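First, one chain by itself: the form deposited without uridine 5'-triphosphate, in structure tokens.
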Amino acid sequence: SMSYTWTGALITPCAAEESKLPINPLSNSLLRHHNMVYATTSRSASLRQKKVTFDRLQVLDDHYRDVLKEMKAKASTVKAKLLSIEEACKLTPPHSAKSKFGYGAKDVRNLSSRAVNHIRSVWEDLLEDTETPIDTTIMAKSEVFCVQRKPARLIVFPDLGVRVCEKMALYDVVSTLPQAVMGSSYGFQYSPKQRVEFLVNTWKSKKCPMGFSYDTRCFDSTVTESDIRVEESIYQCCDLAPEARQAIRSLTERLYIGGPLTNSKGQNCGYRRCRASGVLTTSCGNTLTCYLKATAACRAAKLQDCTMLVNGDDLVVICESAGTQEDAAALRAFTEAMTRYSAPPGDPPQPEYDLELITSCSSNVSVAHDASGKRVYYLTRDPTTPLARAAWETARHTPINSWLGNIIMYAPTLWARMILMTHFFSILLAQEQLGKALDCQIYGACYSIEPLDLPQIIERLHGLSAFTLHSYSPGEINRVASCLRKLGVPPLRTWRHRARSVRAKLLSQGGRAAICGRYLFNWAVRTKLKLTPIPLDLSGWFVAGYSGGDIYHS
């Protein structure tokens, strides 16, 4: 069937859209070539609609059915909890889209009567009505990139009231089931240093390893009604409260498998028969679907000892080599199988025989050395997009931000350390906001974090070596260097000069600021200070990992 059908009504914005990087002193100190940085808008939405709209031809086979039953046998060990309205409300992001029913995310969080009464009514409706399609809004998402232009991504989400009900029925499921089903291959359970450990150990565990990332084109659109019902069949193997079982069955038929699209102006926009980007089960569902399809395709292709690492639609496979011609051919057979499964490639996959050449989760493993000269593996990526976004959020007030999560994810990197930390710490210090908690977007989720806690966070997510790395690899330095010339970012000597200046200010204030000076900026001085383990709340991160978007943790 068609992933989408359209009536001709437009994908509308509900406010003016900015597509150019403003000319502003603070962002200009970071990046000079402002004309290279752009934000997507609803003006490119029709181009995206064309790409995401197509017919899906799915053909399932014995390997798929075998793998599906192996997954269900493991899902069968799961016992899941129904969340109370209060628990689901506290998981609601503060700046989450308001309901069209007279209340907003803050009213939800405060347990206001209007909000709670309405959420309760929505829940009872899920229990009563198993068929009426649930309305969704379609919007063009505003995302920032560097030229060489991407059309806007389209986001699909239901009303606030429904989102809170999804958490009630399925939060515990999305947070515990993927690990029970996929074990070590479930990527979202890992901190960055633990993802590196698994990739390095899996690689080292093969006699002759071969690995590849697999890019599925427009994954959400490739997701069929069958996939979504199969996904539900895995959820139904959990021990569930009667009302959760019903709310899952109703959400699946009324929301998950598809439904009507309304634009911001309230106009009937079209119809969806594929994955909605903005529902609770998107991340877990995509992960389970991508894992099932890949696991079965490996058997079909006869790849050997194929270890998966799956994070939503992001896939990396590491296996035993059968020789070079054999590998090329088996990988083409793997692609042919995924294609029948309705998971066709975007960029053709290629076999790799070096772990550092594989890009997965938009990152690659690289190597540096700690103060004692020992090798430390860590994740990095091309810094273009992170720098373009840091510049945009510097010039444009963003009640939400992406730069802080970037520093946390990429802390051991040369670029996050010399540029990002230096830049944002200089500014927050001048503005007396080092201590101000920020609402940090990490993938689709939300975390409240004070910049002053960065050292403790980094030491846990990456180890104390993140503050001592040096001797980065030539390829990494090469890549960083070329991006700075391309974006007009001042050279590293200038960032060193800035860091020394902010480091001295951080030290002079003492307290938590001085801890930031000592750990975050020790790379910038000779007279290194003693780096000992720093004398919290990492549970919301560690117990379930990243369980999906529109989730808030404090």
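So that there is no doubt, residue numbering starts at 1 and follows the sequence shown.
The form solved in complex with uridine 5'-triphosphate is left out here; the points below concern that form.
- Shown here without its ligand, the chain is overlaid with uridine 5'-triphosphate as it sits in the entry with it bound; no ligand atom lies within 2.4 Å of a backbone or C-beta atom, and the site is open.
- Uridine 5'-triphosphate in the entry with it bound is not approached by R56, whose heavy atoms all lie more than 4.5 angstroms from it.
- Contact check for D215: a non-hydrogen atom falls within 4.5 Å of uridine 5'-triphosphate in the entry with it bound.
- Proximity of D313 to uridine 5'-triphosphate in the entry with it bound falls within the 4.5 Å heavy atom cutoff.
- Proximity of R503 to uridine 5'-triphosphate in the entry with it bound: non-hydrogen atoms within 4.5 Å are absent; the residue sits far from the partner.
- In summary, the region of this chain contacting uridine 5'-triphosphate in the entry with it bound, judged by heavy atoms within 4.5 Å and restricted to 81-89, 327-335, 218-226, 176-184, corresponds to 218-226.
- When you look in the entry with it bound, the only residue of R109, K150, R120, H95 with a non-hydrogen atom within 4.5 Å of uridine 5'-triphosphate is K150.
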